[PDB]
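Undergrad: Pasting an experimental structure with its sequence.
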Amino acid sequence: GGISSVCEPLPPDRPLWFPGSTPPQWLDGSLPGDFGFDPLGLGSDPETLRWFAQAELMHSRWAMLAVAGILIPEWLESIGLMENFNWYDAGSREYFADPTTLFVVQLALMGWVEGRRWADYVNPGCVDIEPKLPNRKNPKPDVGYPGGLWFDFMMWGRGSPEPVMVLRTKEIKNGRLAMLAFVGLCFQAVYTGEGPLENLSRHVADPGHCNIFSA
Amino acid sequence: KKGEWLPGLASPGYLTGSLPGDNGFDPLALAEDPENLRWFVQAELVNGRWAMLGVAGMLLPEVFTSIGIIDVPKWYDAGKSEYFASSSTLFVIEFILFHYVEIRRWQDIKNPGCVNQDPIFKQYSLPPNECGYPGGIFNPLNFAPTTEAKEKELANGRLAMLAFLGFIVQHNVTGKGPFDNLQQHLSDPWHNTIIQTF
Amino acid sequence: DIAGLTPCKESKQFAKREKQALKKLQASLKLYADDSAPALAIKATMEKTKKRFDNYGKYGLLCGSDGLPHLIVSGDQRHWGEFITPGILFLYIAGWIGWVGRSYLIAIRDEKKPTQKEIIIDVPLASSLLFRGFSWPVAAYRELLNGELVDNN
Amino acid sequence: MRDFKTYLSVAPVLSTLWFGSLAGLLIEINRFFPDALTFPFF
Ligand code: CLA
Ligand code: CLA
Ligand SMILES: CC1=C[C@H](O)CC(C)(C)[C@H]1/C=C/C(C)=C/C=C/C(C)=C/C=C/C=C(C)/C=C/C=C(C)/C=C/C1=C(C)C[C@H](O)CC1(C)C
């Protein structure tokens, strides 16, 4: 009737990665993108399952940001709005500081927030960033899905347009696709010796050739 | 006013918050024993106060020398300077006086309120007081020793000990004054950091 | 010149030993073309030998009559880096290991089956106690002062 | 997964991991700081 802000677990007859097989007992559909895929049984322990879910979420978000920052500047260079973009050679460019001191500064700045996130995972609610306004009531967020004023300034979560489970599976699926994409780009940059969009262009033309088997 | 050094972590049981400057920072469980905590409070107070005096002595004269008001040698080069007495006599005098005053302090640490009285002029005695904060003659301006002042003193002491560690490490790696290191950092920070001195 | 030992940077026999080592390495090097991988490995070995001899000369080591450096452990301040400083570092690390092991044994002492925690190490408690040995001298000194280091049986 | 982590916590596996990490650290130190007879940093 209103907006439900709780994740709804998928029914036990949900579509699976391998239809006709029995989904594992530790995957009951309560997690985003739950398709019953665990051949090695790595998620048997619920605590390790929570840690692996958070790790998958983090890898998903970093991979989506990574693939966006590879593809969009590469699509701009092919269009012509970037003079000398190359994501493989981007790390060896000349900046205002050495890579080592930039790495140390990045380590400190990122280990602040990664460690605040660690404290939130260990103790939910120990660190709160959303303001405690005098009569506004802050809803309790899920671990790994925070966000009031800063991380969720759109209020697109918490049951708004698509239910929280639907948007979370969408995020997880795009993240898995981006992880596979980034690993593919990393292998293509050292195998083909070319860019991503160039490789796509030579694969779309005569796809019977210009493949993994022709370098 | 207690606070946490780590928001996620819980405070230890022996660090309830009675002591000033309590942020629950004992990850290595050094002060689990109450006698150990009682000794470590005094050790922290004395080390922090000496670090205050030391960091002031190695920072402010160097800043004034760089400005040009006075011509004072660096803190590492002040040992070889010329004085009215040699360094050995000064060390012996300092050893004698420090032996006396620190033995008196150690007696107060072992049993509080036992060495408050003058041994020469017995009519002079310190008022009753907590260990580590001896009032009377040591507090001529009669400033109130509230817990806010104790917390501020402990915070400045911890900052001073960190600053002294930075002082000795920076002189060990660069061989120049800490304010000279600050000026070199302020010249262009992104190529004058810890990284480029190695 | 302690105990009649010349310094290694002013010793003729030290340079002679370096000459024999370099001559043997060059004799091994002469069998291969200079652009090959074995030649590069031999050249790297020669450069390492030269750096080693230069470092041994510049470190202040005293070389004997046979051309080899002799360590002095009597406590002389010129040679505190041969024994005393590495000895202090080793004592610190060994006290770290011993204190961590003793803390782990004390922690699992009052359990139902303590032996199960020895064949199968409980990793979270061990990793919690790993860094407690960083301040092992202070903890050991206080435990000795409070009479907790020893057991009176 | 809990049983596999318990197996990883048993004495030979944990000893192998610990000693392999220690041996790798010592080997890398000996590569980057080779032929160390004294402690010259002080
Ligand atoms: C995620 C999707 C993905 C996509 C769309 C592409 C796309 C492309 N790749 Mg990359 N690649 C990927 C992942 C991906 N790759 C991965 C995971 C790896 C290795 C770990 C590689 C390694 C790689 C190599 C070595 C080469 C390419 C090349 C190419 C072209 C295909 C021809 C071929 O020989 O490669 C097929 C290579 C594979 C190793 C197969 C990996 C497929 C993964 C496991 C699953 C993707 C399937 C899934 C249904 C994706 C959805 C499709 C679509 C809706 C997005 C094409 C432009 C070729 C090139 O451009 O030459 C000119 C080539 O040389 N790729
Ligand atoms: C790729 C798709 C994707 C999707 C579907 C989701 C989905 C979800 N996220 Mg995740 N997330 C992602 C990527 C994604 N995320 C990335 C890359 C990060 C790292 C920065 C995060 C980190 C993250 C946080 C920190 C939070 C969420 C939250 C949520 C919810 C918000 C709805 C949503 O994001 O809008 C769906 C639509 C989009 C993602 C469209 C893509 C955006 C385009 C490319 C750019 C944005 C446009 C423009 C530049 C922005 C405005 C400009 C302005 C700053 C001036 C939803 C469950 C919130 C939460 O769960 O609270 C309940 C929470 O606060 N996410
Ligand atoms: C607490 C805790 C807790 C947990 O549980 C564990 C742990 C972590 C281990 C712990 C610890 C921590 C820390 C950090 C510490 C630190 C310390 C310090 C640094 C000190 C200093 C300290 C320091 C000090 C006193 C200082 C002093 C100084 C001085 C006197 C000076 C002198 C001088 C001068 C003026 C001038 C001239 O020209 C020179 C001289 C003559 C030289």
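TA: Thanks, I have the structure now. Numbering: from 1, shown residues only, chains lettered A, B, ... in the order given. Ligands and ions are numbered 1, 2, ... in the order given.
Undergrad: can you pull the buried residues of the helix or strand where residue C:51 lies?
TA: Under the criterion of DSSP states H and E, residue C:51 resides in helix C:37-58. Using 16 or more other CB atoms under 10 Å in any protein chain shown as the test for burial, helix C:37-58 gives C:39, C:42, C:46, C:49, C:52, C:53, C:55, C:56, C:57. Quick note: C-beta positions are derived from backbone N, CA and C, even for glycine.
Undergrad: Tell me how far the third one lies from ligand 3.
TA: The one in question is residue C:46. 45 Å (CB to the nearest ligand atom, to the nearest Å).
Undergrad: Tell me who's in contact with residue B:147.
TA: Applying CB atoms under 8 Å, 6 or more residues apart in numbering or on different chains to residue B:147 gives the contacts residue B:20.
Undergrad: what do you get if the cut-off is 10 Å, keeping everything else the same?
TA: Neighbouring residues of residue B:147 by CB atoms under 10 Å, 6 or more residues apart in numbering or on different chains: B:1, B:18, B:19, B:20, B:21.
Undergrad: Downstream of the helix holding residue C:51, the next helix or strand is which one?
TA: Next element after helix C:37-58 (DSSP H and E): strand C:62-63.
Undergrad: Could you spell out the sheet neighbours of that next one, each with its direction?
TA: Here strand C:62-63 has these sheet partners by DSSP bridges: strand C:6-7 (antiparallel), strand C:69-70 (antiparallel).
Undergrad: gap between it and the chain center?
TA: The chain centroid and the centroid of strand C:62-63 are separated by 20 Å under CA atoms, centre = their mean, to the nearest Å.
Undergrad: residues near whichever residue of chain D sits closest to ligand 3, how many?
TA: Taking CB to the nearest ligand atom, ligand 3 has its nearest neighbour within chain D at residue D:42, 17.5 Å off. By other CB atoms under 10 Å in any protein chain shown, 7 other residues sit near residue D:42.
Undergrad: same question, residue B:183
TA: By other CB under 10 Å, 13 other residues sit near residue B:183.
Undergrad: if we can go back for a sec, out of the strands paired with strand C:62-63, nearest to residue B:114?
TA: Nearest to residue B:114, of all these, is strand C:69-70, at 56.0 Å by CB to CB.
Undergrad: Run the chain-centre distance for the closest one.
TA: In terms of CA atoms, centre = their mean, the centre of strand C:69-70 is found 17 Å from the chain centre.
Undergrad: Checking the next helix or strand after that strand against chain D, do any of its residues make contact.
TA: Downstream of strand C:69-70, the next assigned helix or strand under DSSP H and E is helix C:84-107. Yes - Helix C:84-107 is in contact with chain D by CB under 10 Å from any CB of the partner chain, via C:84, C:85, C:86, C:87, C:88, C:89.
Undergrad: Mind checking if helix C:84-107 is in reach of ligand 3?
TA: No - under the criterion of CB under 6 Å from any ligand atom, helix C:84-107 makes no contact with ligand 3; the nearest approach is 12.6 Å.
Undergrad: Not counting that helix itself, show me its contacts.
TA: Outside helix C:84-107, the residues that reach it (CB under 10 Å, 6+ apart) are B:29, C:73-77, C:79-80, C:114, C:117-118, C:121-122, C:125-126, C:128-137, C:139-140, C:143, C:148-149, D:36-42.
Undergrad: Can you flag the buried ones in the residues you listed?
TA: Looks like the contacts of helix C:84-107 have B:29, C:79-80, C:117, C:121-122, C:126, C:129, C:132-133, C:135-136, C:139-140, C:143, D:38-39 buried, using 16+ other CB under 10 Å.
Undergrad: Out of the buried residues of helix C:37-58, which is nearest to residue B:70?
TA: residue C:55 (43.6 Å).
Undergrad: Can you classify the closest residue to the closest one other than its chain neighbours as helix, strand or coil?
TA: Counting by CB to CB, 6 or more residues apart in numbering or on different chains, residue C:55 lies nearest to residue D:35, which is 6.8 Å off, once chain neighbours are set aside. Per DSSP: H, G, I helix; E, B strand; the rest coil, the local secondary structure of residue D:35 is coil.
Undergrad: give me the number of residues near residue D:35?
TA: 12.
Undergrad: Surely it is in contact with residue C:45?
TA: No - with contact defined as CB atoms under 10 Å, residue D:35 and residue C:45 do not form a contacting pair (11.7 Å).
Undergrad: neighbours around residue B:178, how many?
TA: Look at residue B:178: counted by other CB under 10 Å, it has 23 neighbours.
Undergrad: Can you check which helix is longest in chain A?
TA: When chain A is parsed with DSSP state H, its longest helix is helix A:46-79.
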